[PDB]
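*Asks:* Just input_12.cif, nothing more (mmCIF, C-alpha atoms and all ligand atoms):
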data_coords
loop_
_atom_site.label_atom_id
_atom_site.label_comp_id
_atom_site.auth_asym_id
_atom_site.auth_seq_id
_atom_site.Cartn_x
_atom_site.Cartn_y
_atom_site.Cartn_z
CA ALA A 1 -37.30 33.33 -73.28
CA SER A 2 -36.47 35.42 -70.25
CA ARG A 3 -38.14 33.55 -67.36
CA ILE A 4 -38.27 29.91 -66.20
CA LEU A 5 -41.30 28.29 -64.53
CA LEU A 6 -40.89 27.25 -60.90
CA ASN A 7 -42.91 24.54 -59.14
CA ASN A 8 -44.96 27.21 -57.31
CA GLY A 9 -46.31 28.44 -60.63
CA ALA A 10 -44.22 31.60 -60.59
CA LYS A 11 -41.74 32.63 -63.27
CA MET A 12 -38.14 33.41 -62.41
CA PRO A 13 -35.94 35.59 -64.63
CA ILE A 14 -33.03 33.56 -65.95
CA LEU A 15 -30.63 36.49 -65.64
CA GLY A 16 -30.16 38.27 -62.34
CA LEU A 17 -27.71 40.56 -60.51
CA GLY A 18 -25.28 39.16 -57.97
CA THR A 19 -24.53 41.25 -54.88
CA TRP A 20 -21.89 39.33 -52.91
CA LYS A 21 -18.98 41.67 -52.20
CA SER A 22 -20.80 44.73 -53.63
CA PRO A 23 -19.86 47.42 -51.11
CA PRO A 24 -22.70 49.34 -49.49
CA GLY A 25 -20.83 52.36 -50.85
CA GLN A 26 -21.63 51.17 -54.40
CA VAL A 27 -24.40 48.55 -54.48
CA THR A 28 -27.24 51.06 -54.40
CA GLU A 29 -26.07 52.58 -57.67
CA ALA A 30 -25.44 49.07 -59.04
CA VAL A 31 -29.01 47.97 -58.44
CA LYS A 32 -30.46 51.21 -59.79
CA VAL A 33 -28.48 50.86 -62.99
CA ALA A 34 -29.37 47.18 -63.24
CA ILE A 35 -33.11 47.87 -63.03
CA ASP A 36 -32.79 50.69 -65.57
CA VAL A 37 -31.19 48.39 -68.16
CA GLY A 38 -33.59 45.51 -67.61
CA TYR A 39 -32.62 43.32 -64.71
CA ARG A 40 -35.62 42.14 -62.73
CA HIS A 41 -33.95 39.53 -60.53
CA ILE A 42 -31.58 40.47 -57.69
CA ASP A 43 -29.68 37.81 -55.70
CA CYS A 44 -29.18 38.89 -52.09
CA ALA A 45 -28.12 37.52 -48.73
CA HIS A 46 -28.17 38.70 -45.11
CA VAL A 47 -24.54 37.58 -44.84
CA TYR A 48 -23.58 40.00 -47.64
CA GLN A 49 -24.37 42.84 -45.21
CA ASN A 50 -25.64 45.18 -47.93
CA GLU A 51 -29.39 44.29 -48.02
CA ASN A 52 -30.37 47.70 -46.69
CA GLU A 53 -28.52 49.41 -49.60
CA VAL A 54 -30.14 47.02 -52.05
CA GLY A 55 -33.52 47.88 -50.54
CA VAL A 56 -32.72 51.60 -50.92
CA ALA A 57 -32.30 51.14 -54.65
CA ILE A 58 -35.44 49.06 -55.13
CA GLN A 59 -37.54 51.51 -53.14
CA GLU A 60 -36.21 54.36 -55.28
CA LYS A 61 -37.02 52.81 -58.59
CA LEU A 62 -40.49 51.82 -57.39
CA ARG A 63 -40.98 55.47 -56.43
CA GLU A 64 -39.65 56.73 -59.80
CA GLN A 65 -42.21 54.46 -61.49
CA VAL A 66 -39.49 52.51 -63.34
CA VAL A 67 -40.75 49.13 -62.19
CA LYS A 68 -43.55 47.59 -60.12
CA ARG A 69 -42.96 45.15 -57.25
CA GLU A 70 -44.74 42.33 -59.15
CA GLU A 71 -42.21 42.56 -61.97
CA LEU A 72 -39.23 42.11 -59.63
CA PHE A 73 -37.88 38.74 -58.47
CA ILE A 74 -35.97 39.26 -55.21
CA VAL A 75 -33.95 36.39 -53.74
CA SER A 76 -32.40 36.13 -50.32
CA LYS A 77 -30.88 33.42 -48.19
CA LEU A 78 -31.05 32.16 -44.62
CA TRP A 79 -27.53 32.36 -43.10
CA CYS A 80 -25.95 29.32 -41.34
CA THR A 81 -26.18 30.78 -37.81
CA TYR A 82 -29.98 30.89 -38.03
CA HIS A 83 -30.80 27.27 -38.84
CA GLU A 84 -32.56 26.65 -35.50
CA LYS A 85 -36.31 26.52 -36.11
CA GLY A 86 -36.95 29.30 -33.55
CA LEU A 87 -34.56 31.64 -35.40
CA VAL A 88 -35.71 31.30 -39.03
CA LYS A 89 -38.68 33.70 -38.98
CA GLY A 90 -36.64 36.42 -37.38
CA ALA A 91 -33.84 36.03 -39.91
CA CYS A 92 -36.35 36.22 -42.74
CA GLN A 93 -38.08 39.25 -41.26
CA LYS A 94 -34.73 41.04 -40.78
CA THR A 95 -33.97 40.55 -44.45
CA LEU A 96 -37.46 41.72 -45.40
CA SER A 97 -37.06 44.81 -43.18
CA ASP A 98 -33.64 45.65 -44.59
CA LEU A 99 -34.83 45.18 -48.16
CA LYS A 100 -37.97 47.20 -47.27
CA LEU A 101 -40.19 44.52 -48.73
CA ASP A 102 -43.28 42.65 -47.63
CA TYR A 103 -42.38 39.36 -49.34
CA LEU A 104 -39.43 37.63 -51.06
CA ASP A 105 -39.98 35.81 -54.34
CA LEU A 106 -37.52 33.09 -53.27
CA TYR A 107 -35.76 32.31 -49.97
CA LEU A 108 -32.90 29.84 -49.90
CA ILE A 109 -31.17 27.85 -47.21
CA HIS A 110 -27.76 29.39 -48.01
CA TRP A 111 -25.64 26.36 -47.03
CA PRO A 112 -26.72 22.93 -45.71
CA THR A 113 -24.57 23.53 -42.63
CA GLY A 114 -25.84 25.05 -39.42
CA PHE A 115 -23.35 27.11 -37.41
CA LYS A 116 -23.39 27.99 -33.71
CA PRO A 117 -25.88 30.79 -33.15
CA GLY A 118 -24.45 34.18 -32.30
CA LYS A 119 -23.41 37.48 -33.75
CA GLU A 120 -20.36 35.90 -35.47
CA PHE A 121 -21.21 34.81 -39.09
CA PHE A 122 -18.33 32.30 -39.10
CA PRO A 123 -17.83 31.23 -35.49
CA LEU A 124 -14.49 29.52 -35.05
CA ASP A 125 -12.98 27.78 -32.07
CA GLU A 126 -9.51 28.66 -30.71
CA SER A 127 -8.37 26.15 -33.35
CA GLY A 128 -9.92 27.80 -36.43
CA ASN A 129 -12.60 25.19 -37.09
CA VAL A 130 -16.13 26.49 -37.69
CA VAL A 131 -18.37 25.69 -34.72
CA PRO A 132 -21.44 23.77 -35.90
CA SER A 133 -24.92 24.00 -34.42
CA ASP A 134 -27.02 20.97 -33.58
CA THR A 135 -29.52 21.51 -36.35
CA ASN A 136 -30.40 19.31 -39.28
CA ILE A 137 -31.53 19.90 -42.83
CA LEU A 138 -35.04 18.55 -42.42
CA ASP A 139 -36.07 20.64 -39.38
CA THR A 140 -34.55 23.68 -41.03
CA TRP A 141 -36.63 22.97 -44.14
CA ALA A 142 -39.82 22.63 -42.13
CA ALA A 143 -39.06 26.06 -40.75
CA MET A 144 -38.64 27.41 -44.27
CA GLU A 145 -42.00 25.86 -45.16
CA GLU A 146 -43.75 27.92 -42.43
CA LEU A 147 -42.49 31.12 -44.09
CA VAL A 148 -44.45 30.16 -47.21
CA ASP A 149 -47.51 29.27 -45.17
CA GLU A 150 -47.31 32.66 -43.47
CA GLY A 151 -47.01 34.73 -46.67
CA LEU A 152 -43.48 35.97 -46.13
CA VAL A 153 -41.94 34.22 -49.15
CA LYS A 154 -43.52 32.92 -52.40
CA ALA A 155 -41.05 30.09 -52.85
CA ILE A 156 -38.29 28.33 -50.92
CA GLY A 157 -35.22 26.47 -52.09
CA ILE A 158 -31.71 25.43 -51.18
CA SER A 159 -28.14 26.35 -52.05
CA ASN A 160 -24.90 24.30 -52.12
CA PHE A 161 -26.79 21.06 -51.42
CA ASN A 162 -25.48 17.83 -52.88
CA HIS A 163 -27.87 15.42 -54.55
CA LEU A 164 -28.14 13.31 -51.41
CA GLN A 165 -29.02 16.38 -49.27
CA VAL A 166 -31.68 17.38 -51.86
CA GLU A 167 -32.92 13.79 -51.70
CA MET A 168 -33.41 13.95 -47.91
CA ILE A 169 -35.73 16.85 -48.35
CA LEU A 170 -37.67 15.30 -51.19
CA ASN A 171 -38.23 12.07 -49.27
CA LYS A 172 -39.07 14.10 -46.13
CA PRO A 173 -42.08 12.51 -44.47
CA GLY A 174 -44.77 15.20 -44.33
CA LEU A 175 -43.04 17.43 -46.89
CA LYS A 176 -45.19 20.51 -47.53
CA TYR A 177 -43.30 22.27 -50.32
CA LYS A 178 -40.68 20.78 -52.62
CA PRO A 179 -37.63 22.98 -53.14
CA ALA A 180 -38.03 25.22 -56.20
CA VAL A 181 -34.38 26.04 -56.81
CA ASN A 182 -30.92 24.79 -55.90
CA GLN A 183 -28.37 27.56 -56.31
CA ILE A 184 -24.90 26.13 -56.89
CA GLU A 185 -21.49 27.19 -58.16
CA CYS A 186 -21.34 26.57 -61.90
CA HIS A 187 -18.98 27.66 -64.69
CA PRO A 188 -16.69 26.01 -67.28
CA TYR A 189 -14.14 24.85 -64.64
CA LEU A 190 -16.97 23.33 -62.53
CA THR A 191 -19.63 22.20 -64.96
CA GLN A 192 -21.83 20.27 -62.50
CA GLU A 193 -23.28 17.91 -65.13
CA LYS A 194 -24.35 15.25 -62.61
CA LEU A 195 -25.98 17.54 -60.06
CA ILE A 196 -27.72 19.55 -62.80
CA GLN A 197 -28.97 16.28 -64.24
CA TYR A 198 -30.34 15.22 -60.88
CA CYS A 199 -32.03 18.54 -60.07
CA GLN A 200 -33.64 19.04 -63.48
CA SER A 201 -34.97 15.47 -63.37
CA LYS A 202 -36.69 16.29 -60.06
CA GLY A 203 -38.18 19.50 -61.47
CA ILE A 204 -35.87 21.74 -59.49
CA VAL A 205 -34.47 24.75 -61.26
CA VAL A 206 -30.73 25.31 -61.00
CA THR A 207 -29.17 28.74 -60.44
CA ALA A 208 -25.49 29.06 -61.39
CA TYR A 209 -23.41 31.31 -59.14
CA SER A 210 -19.91 32.69 -59.66
CA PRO A 211 -20.38 32.31 -63.47
CA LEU A 212 -17.35 34.50 -64.18
CA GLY A 213 -15.26 32.54 -61.65
CA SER A 214 -15.48 35.22 -58.96
CA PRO A 215 -12.20 36.97 -59.61
CA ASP A 216 -12.93 39.31 -56.64
CA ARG A 217 -13.18 36.41 -54.20
CA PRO A 218 -11.15 37.43 -51.19
CA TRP A 219 -9.07 34.19 -50.98
CA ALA A 220 -7.90 34.26 -54.59
CA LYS A 221 -4.34 33.07 -55.18
CA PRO A 222 -2.43 34.29 -58.27
CA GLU A 223 -1.84 30.78 -59.49
CA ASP A 224 -5.56 30.05 -59.53
CA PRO A 225 -7.14 29.54 -62.94
CA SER A 226 -8.82 32.63 -64.30
CA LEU A 227 -11.93 32.22 -66.45
CA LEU A 228 -12.15 35.77 -67.70
CA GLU A 229 -8.48 35.53 -68.74
CA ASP A 230 -8.70 32.12 -70.38
CA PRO A 231 -7.48 32.60 -73.94
CA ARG A 232 -9.62 29.65 -75.15
CA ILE A 233 -12.71 31.43 -73.97
CA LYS A 234 -11.54 34.81 -75.23
CA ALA A 235 -11.28 33.10 -78.61
CA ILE A 236 -14.88 31.86 -78.46
CA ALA A 237 -15.97 35.35 -77.54
CA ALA A 238 -14.00 37.01 -80.39
CA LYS A 239 -15.70 34.68 -82.86
CA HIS A 240 -19.10 36.11 -81.78
CA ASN A 241 -17.89 39.73 -81.35
CA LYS A 242 -18.91 39.41 -77.70
CA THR A 243 -16.89 39.76 -74.48
CA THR A 244 -15.60 36.80 -72.45
CA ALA A 245 -18.10 37.65 -69.72
CA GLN A 246 -21.09 37.60 -72.15
CA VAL A 247 -19.98 34.16 -73.26
CA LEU A 248 -19.68 33.03 -69.64
CA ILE A 249 -23.22 34.31 -68.90
CA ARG A 250 -24.77 32.91 -72.09
CA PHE A 251 -23.32 29.42 -71.45
CA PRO A 252 -25.47 28.51 -68.39
CA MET A 253 -28.49 30.14 -70.07
CA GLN A 254 -28.27 27.53 -72.83
CA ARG A 255 -28.21 24.74 -70.23
CA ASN A 256 -31.63 25.85 -68.92
CA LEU A 257 -30.02 27.38 -65.84
CA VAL A 258 -30.57 30.69 -64.11
CA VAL A 259 -27.37 32.79 -63.85
CA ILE A 260 -26.49 35.67 -61.53
CA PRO A 261 -23.31 37.57 -62.53
CA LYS A 262 -22.14 40.19 -60.01
CA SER A 263 -20.96 43.70 -60.82
CA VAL A 264 -20.98 47.17 -59.33
CA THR A 265 -19.51 48.77 -62.48
CA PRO A 266 -22.36 50.40 -64.48
CA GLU A 267 -20.70 49.65 -67.86
CA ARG A 268 -20.29 45.98 -67.00
CA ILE A 269 -23.80 45.73 -65.53
CA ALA A 270 -25.18 46.81 -68.88
CA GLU A 271 -22.76 44.67 -70.87
CA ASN A 272 -23.62 41.55 -68.87
CA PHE A 273 -27.35 41.88 -69.62
CA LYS A 274 -26.72 41.99 -73.42
CA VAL A 275 -26.66 38.24 -73.96
CA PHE A 276 -30.07 37.66 -75.48
CA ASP A 277 -28.94 38.66 -79.00
CA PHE A 278 -26.69 35.69 -79.76
CA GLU A 279 -26.25 31.96 -79.51
CA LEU A 280 -23.33 29.75 -78.59
CA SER A 281 -23.01 27.00 -81.16
CA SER A 282 -23.12 23.30 -80.39
CA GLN A 283 -19.31 23.16 -80.62
CA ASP A 284 -18.93 26.22 -78.34
CA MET A 285 -21.06 24.50 -75.71
CA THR A 286 -19.18 21.25 -76.01
CA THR A 287 -15.90 23.09 -75.87
CA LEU A 288 -16.85 25.04 -72.77
CA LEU A 289 -18.13 21.92 -70.99
CA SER A 290 -14.79 20.31 -71.76
CA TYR A 291 -12.88 22.82 -69.59
CA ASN A 292 -14.27 21.21 -66.48
CA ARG A 293 -11.66 20.79 -63.77
CA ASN A 294 -13.96 20.34 -60.76
CA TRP A 295 -12.50 23.64 -59.45
CA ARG A 296 -14.51 25.42 -56.75
CA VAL A 297 -14.22 29.08 -55.86
CA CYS A 298 -16.53 28.62 -52.92
CA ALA A 299 -15.52 25.84 -50.50
CA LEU A 300 -14.30 27.06 -47.14
CA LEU A 301 -12.19 24.17 -45.86
CA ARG A 302 -12.78 25.21 -42.24
CA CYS A 303 -16.22 23.56 -42.70
CA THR A 304 -14.99 20.21 -44.09
CA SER A 305 -15.60 18.49 -40.74
CA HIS A 306 -19.29 19.57 -40.44
CA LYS A 307 -21.56 16.52 -40.74
CA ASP A 308 -23.45 18.28 -43.58
CA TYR A 309 -20.41 19.60 -45.46
CA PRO A 310 -21.68 19.24 -49.01
CA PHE A 311 -18.64 18.52 -51.16
CA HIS A 312 -17.34 15.18 -49.95
CA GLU A 313 -19.87 13.43 -52.21
CA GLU A 314 -19.24 13.07 -55.94
CA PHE A 315 -22.23 15.30 -56.45
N1 LIG B 1 -25.24 30.63 -52.72
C1 LIG B 1 -24.02 30.99 -52.38
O1 LIG B 1 -23.33 30.29 -51.64
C2 LIG B 1 -23.27 31.94 -53.33
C3 LIG B 1 -21.84 31.91 -53.35
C4 LIG B 1 -21.16 32.79 -54.22
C5 LIG B 1 -21.87 33.68 -55.07
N2 LIG B 1 -23.28 33.65 -54.97
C6 LIG B 1 -24.10 34.71 -55.70
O2 LIG B 1 -23.60 34.66 -57.04
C7 LIG B 1 -23.19 36.00 -57.48
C8 LIG B 1 -22.13 35.91 -58.55
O3 LIG B 1 -20.93 35.25 -58.07
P1 LIG B 1 -19.66 36.07 -57.58
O4 LIG B 1 -20.00 37.35 -56.93
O5 LIG B 1 -18.89 35.07 -56.75
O6 LIG B 1 -18.77 36.35 -58.89
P2 LIG B 1 -18.93 36.46 -60.49
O7 LIG B 1 -20.23 37.08 -60.77
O8 LIG B 1 -18.41 35.22 -61.04
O9 LIG B 1 -17.73 37.52 -60.72
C9 LIG B 1 -17.84 38.84 -60.19
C10 LIG B 1 -16.48 39.55 -60.51
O10 LIG B 1 -16.40 39.72 -61.96
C11 LIG B 1 -16.21 41.06 -62.33
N3 LIG B 1 -16.96 41.34 -63.52
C12 LIG B 1 -18.32 41.41 -63.72
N4 LIG B 1 -18.72 41.63 -64.96
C13 LIG B 1 -17.51 41.70 -65.63
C14 LIG B 1 -17.33 41.92 -67.00
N5 LIG B 1 -18.23 42.11 -67.95
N6 LIG B 1 -15.99 41.96 -67.39
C15 LIG B 1 -14.97 41.77 -66.49
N7 LIG B 1 -15.15 41.56 -65.16
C16 LIG B 1 -16.47 41.53 -64.75
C17 LIG B 1 -16.76 41.87 -61.15
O11 LIG B 1 -16.16 43.17 -61.07
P3 LIG B 1 -16.97 44.52 -60.54
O12 LIG B 1 -18.10 44.17 -59.68
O13 LIG B 1 -15.81 45.31 -59.89
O14 LIG B 1 -17.41 45.19 -61.89
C18 LIG B 1 -16.36 40.99 -59.91
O15 LIG B 1 -14.98 41.20 -59.55
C19 LIG B 1 -22.83 36.65 -56.11
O16 LIG B 1 -22.55 38.01 -56.12
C20 LIG B 1 -23.94 36.12 -55.20
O17 LIG B 1 -25.11 36.93 -55.47
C21 LIG B 1 -23.99 32.81 -54.13
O1 LIG B 2 -21.68 32.37 -49.03
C1 LIG B 2 -21.65 33.19 -49.93
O2 LIG B 2 -22.69 33.32 -50.75
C2 LIG B 2 -20.33 33.70 -50.42
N1 LIG B 2 -19.22 33.25 -49.60
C3 LIG B 2 -18.74 34.11 -48.71
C4 LIG B 2 -17.74 33.75 -47.89
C5 LIG B 2 -17.17 32.41 -48.00
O3 LIG B 2 -16.25 32.03 -47.28
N2 LIG B 2 -17.72 31.60 -48.94
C6 LIG B 2 -17.23 30.24 -49.07
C7 LIG B 2 -17.99 29.33 -48.15
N3 LIG B 2 -17.91 28.07 -48.15
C8 LIG B 2 -18.75 27.43 -47.29
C9 LIG B 2 -18.82 26.07 -47.04
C10 LIG B 2 -19.83 25.70 -46.14
CL1 LIG B 2 -20.03 23.99 -45.83
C11 LIG B 2 -20.62 26.62 -45.44
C12 LIG B 2 -20.50 28.00 -45.66
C13 LIG B 2 -19.53 28.35 -46.60
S1 LIG B 2 -19.22 30.02 -47.04
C14 LIG B 2 -18.74 32.04 -49.73
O4 LIG B 2 -19.21 31.29 -50.57
#
So, in terms of structure tokens, how does the structure I just supplied come out?
Ligand SMILES: NC(=O)c1ccc[n+]([C@@H]2O[C@H](COP(=O)([O-])OP(=O)(O)OC[C@H]3O[C@@H](n4cnc5c(N)ncnc54)[C@H](OP(=O)(O)O)[C@@H]3O)[C@@H](O)[C@H]2O)c1
Ligand SMILES: O=C(O)Cn1ccc(=O)n(Cc2nc3cc(Cl)ccc3s2)c1=O

*Replies:*
Amino acid sequence: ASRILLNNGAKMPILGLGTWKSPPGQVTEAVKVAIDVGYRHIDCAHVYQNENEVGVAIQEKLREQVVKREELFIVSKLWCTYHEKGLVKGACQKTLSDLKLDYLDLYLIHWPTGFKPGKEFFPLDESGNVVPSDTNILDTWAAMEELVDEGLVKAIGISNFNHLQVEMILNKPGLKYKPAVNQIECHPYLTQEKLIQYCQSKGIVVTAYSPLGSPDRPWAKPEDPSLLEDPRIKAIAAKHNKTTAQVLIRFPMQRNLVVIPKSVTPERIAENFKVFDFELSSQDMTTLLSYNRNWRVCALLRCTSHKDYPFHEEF
């Protein structure tokens, strides 16, 4: 089945295209190729500073009659320097303008942390610590709720929230919309069993990011583990005459997750979508879950002092 039901009654494609680190010089072609081979879900963010080039591609394929807007599922995220309630609408509208759209299918609070407002996406002090803003999760959520009530987004959710931060929102007095999705890092070295268990039990769909372990992450160190190069996983893939990446994409799919692998290479974009023609066995799944090391690609330690830093909690 290719789509999962959200709590807003809409259906979200379980396989989408990641765009973090896709250069503007290449992401337009990436998206065009993706849509041509079947992707309908694109994961975006204002902080990725390529939304205009993503919008170029969508506009194009709409104009070529390859797809209709209704068939697309476009995701973006509210960046940390816009968590003040008076800044959320503007941030959302900038993303809409850049993507040349009239609505987003899903809009996420990108991180639970608010940062000092300003042009700087990661404001630091003279010391190198990120400068927080005096905003909180609940007020920011209320602001996200207005975007639904105004017709700008069909659904709202969160990203990189721990189960206690998700809880705050759920128990929010006067809650208007429950979160639809929590997008979190998830892959065989960070299997997220507990948080997935919590979210799915609350009827919140989980999206797995960095499913290939983000080898292009700019802070990679050579000693870091490498999922795509893991011989144990290469062996699972060779058993199914599939590539390591296809295995890494198919894994979260069989855990009822959404997954959003990133590529700007047309061959790999196609390859990565060809994961609906095979099944990981029960042993394969068990084996892959067993590689958990609680290893995070995305956890900027310059944020570990923010009151809302998400990863001090077990989950
Ligand atoms: N919510 C947030 O905080 C958050 C954080 C991180 C990521 N995300 C989202 O999740 C998406 C995916 O995560 P990610 O970008 O960190 O990394 P990823 O998808 O785990 O890995 C992308 C890397 O894998 C390479 N690659 C892709 N397909 C491959 C294949 N078949 N064989 C070999 N290498 C392949 C890509 O190369 P090329 O592109 O050069 O082909 C790129 O270097 C993002 O782009 C973003 O949309 C969200
Ligand atoms: O955010 C994106 O989708 C991609 N991305 C880009 C740059 C980067 O450093 N990170 C790591 C971060 N860690 C935290 C940790 C916290 Cl608490 C807040 C924000 C971030 S950003 C990152 O994930």

*Asks:* Got a sec to check which residues sit within 12 Å of (-34.6, 13.4, -45.1), counting only C-alpha atoms, and write them as a PyMOL selection string?

*Replies:* chain A and resi 136-142+163-175

*Asks:* Determine, for each residue of chain A having at least one atom at most 7 Å from an atom of ligand LIG 1 (chain B), the closest pair of atoms and their separation in Å to one decimal, counting all atoms listed in the file; order by chain and ascending number, as a Markdown table.

*Replies:*
| residue | atom | partner | partner_atom | distance |
| --- | --- | --- | --- | --- |
| A:17 | CA | B:LIG1 | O17 | 6.7 |
| A:18 | CA | B:LIG1 | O17 | 3.4 |
| A:19 | CA | B:LIG1 | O16 | 4.0 |
| A:20 | CA | B:LIG1 | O16 | 3.5 |
| A:21 | CA | B:LIG1 | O16 | 6.4 |
| A:22 | CA | B:LIG1 | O12 | 6.6 |
| A:43 | CA | B:LIG1 | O17 | 4.7 |
| A:44 | CA | B:LIG1 | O17 | 5.6 |
| A:110 | CA | B:LIG1 | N1 | 5.5 |
| A:111 | CA | B:LIG1 | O1 | 6.5 |
| A:159 | CA | B:LIG1 | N1 | 5.2 |
| A:160 | CA | B:LIG1 | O1 | 6.2 |
| A:183 | CA | B:LIG1 | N1 | 5.7 |
| A:184 | CA | B:LIG1 | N1 | 6.1 |
| A:185 | CA | B:LIG1 | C3 | 6.7 |
| A:209 | CA | B:LIG1 | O2 | 4.0 |
| A:210 | CA | B:LIG1 | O3 | 3.2 |
| A:211 | CA | B:LIG1 | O8 | 4.3 |
| A:212 | CA | B:LIG1 | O8 | 3.4 |
| A:213 | CA | B:LIG1 | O8 | 4.2 |
| A:214 | CA | B:LIG1 | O6 | 3.5 |
| A:215 | CA | B:LIG1 | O15 | 5.1 |
| A:216 | CA | B:LIG1 | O15 | 4.0 |
| A:217 | CA | B:LIG1 | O5 | 6.4 |
| A:228 | CA | B:LIG1 | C15 | 6.7 |
| A:245 | CA | B:LIG1 | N5 | 4.8 |
| A:246 | CA | B:LIG1 | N5 | 6.8 |
| A:260 | CA | B:LIG1 | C7 | 5.2 |
| A:261 | CA | B:LIG1 | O7 | 3.6 |
| A:262 | CA | B:LIG1 | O7 | 3.7 |
| A:263 | CA | B:LIG1 | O12 | 3.1 |
| A:264 | CA | B:LIG1 | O12 | 4.2 |
| A:265 | CA | B:LIG1 | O14 | 4.2 |
| A:268 | CA | B:LIG1 | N5 | 4.5 |
| A:269 | CA | B:LIG1 | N4 | 6.6 |
| A:271 | CA | B:LIG1 | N5 | 6.0 |
| A:272 | CA | B:LIG1 | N5 | 5.5 |
| A:298 | CA | B:LIG1 | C3 | 6.3 |

*Asks:* By how many Å are atom CA of residue 188 of chain A and atom CA of residue 233 of chain A apart?

*Replies:*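 Taking atom CA of residue 188 of chain A as the start and atom CA of residue 233 of chain A as the end point, the length is 9.5 Å.
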
*Asks:* Compute the set of protein, DNA and RNA residues whose minimum atom distance to ligand LIG 2 (chain B) is at most 9 Å, using all atoms listed in the file, and state it as a PyMOL selection string.

*Replies:* chain A and resi 20-21+44-45+47-48+77+79-80+110-115+122+130+159-160+185+209+217-219+297-306+308-311

*Asks:* Which of these residues is nearest to residue 195 of chain A, using all atoms listed in the file: A:71, A:313, A:126, A:53?

*Replies:* A:313

*Asks:* Find the residue from A:81, A:93, A:290, A:8 that sits nearest to residue 193 of chain A; use only C-alpha atoms when measuring.

*Replies:*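 Closest to residue 193 of chain A of all the choices is A:290.
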
*Asks:* Which residue gives the smallest distance to residue 266 of chain A among A:191, A:52, A:282, A:26, with all atoms listed in the file counted?

*Replies:*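 The answer is A:26, which sits nearest to residue 266 of chain A.
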
*Asks:* With all atoms listed in the file as the atoms that count, which of A:11, A:40, A:94, A:234 lies nearest to residue 68 of chain A?

*Replies:*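 Smallest distance to residue 68 of chain A is found for A:40.
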
*Asks:* Quick check, in Å to one decimal: how far apart do atom CA of residue 2 of chain A and atom CA of residue 204 of chain A lie?

*Replies:*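 One can read the atom CA of residue 2 of chain A to atom CA of residue 204 of chain A distance as 17.4 Å.
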
*Asks:* Using all atoms listed in the file, which of the listed residues (A:41, A:178, A:89, A:194) sits closest to residue 151 of chain A?

*Replies:* A:89

*Asks:* Extract, using only C-alpha atoms, all DNA, RNA and protein residues at most 9 Å from residue 37 of chain A, discarding same-chain residues fewer than 4 positions from it, and format them as a list in words.

*Replies:*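 The residues satisfying every condition are residues 32, 33, 269, 270 and 273 of chain A.
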
*Asks:* Quote the spacing between atom CA of residue 54 of chain A and atom CA of residue 108 of chain A in Å to one decimal place.

*Replies:*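 Taking atom CA of residue 54 of chain A and atom CA of residue 108 of chain A, their separation equals 17.5 Å.
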
*Asks:* Counting all atoms listed in the file, which residue out of A:86, A:256, A:235, A:103 sits closest to residue 200 of chain A?

*Replies:* A:256

*Asks:* Give the centre and edge lengths of an axis-aligned box, in Å to one decimal, that holds all listed atoms of segment 251-260 of chain A with 3 Å on each side, as JSON.

*Replies:*
{"center_x": -27.5, "center_y": 30.2, "center_z": -67.2, "size_x": 14.3, "size_y": 16.9, "size_z": 17.3}

*Asks:* Show which residues sit within 10 Å of residue 9 of chain A, as a VMD selection string. Count all atoms listed in the file, and ignore same-chain residues fewer than 6 positions away.

*Replies:* chain A and resid 154 to 155 180
